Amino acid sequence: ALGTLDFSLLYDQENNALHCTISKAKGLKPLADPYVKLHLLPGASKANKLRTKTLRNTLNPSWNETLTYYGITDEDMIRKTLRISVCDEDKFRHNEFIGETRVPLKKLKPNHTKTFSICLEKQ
């Protein structure tokens, strides 16, 4: 198993915003310098891309960091999927993919934070 990621998603409907709180991961399996990348599916523009800071020398990182998309409508909630990738930063070399999961936004309710604990998959 590649590891387990904990996170929370909030559709801030009044503000057309999706707040993605990346909390922590447990038992990552690349040592590692973990960081998390977010991509909104149906989405090519690098505006669809958000990313957490990088942590050092940990297989159980705690970012506790919130990343926010704006321009999110109910239609986007129905149509889109949040891709969440955990990667390993190898400075001056090649960054390695660790694991991912995806959350269809239609599973979220407006103004209600939903928390997730997911065992990561490969690509």
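Note that residue numbering begins at 1 and tracks the sequence as displayed.
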query: Gap size, residue 31 back to residue 30 (deposited sequence, no coordinates); finding: 4 to 9
query: Mean C-alpha B-factor comparison - 39 to 47 and 54 to 62, higher one; finding: 39 to 47
query: Residue stretch of maximal mean CA temperature factor, 4 to 12 vs 113 to 121; finding: 113 to 121
query: Criterion, highest CA B-factor; candidates, 80, 83, 94, 26; finding: 94
query: CA B-factor placement of residue 106, once the chain's modelled residues are sorted into thirds; finding: middle
query: Where the record places residue 72 (Cα B-factor, split into thirds across the chain); finding: lowest
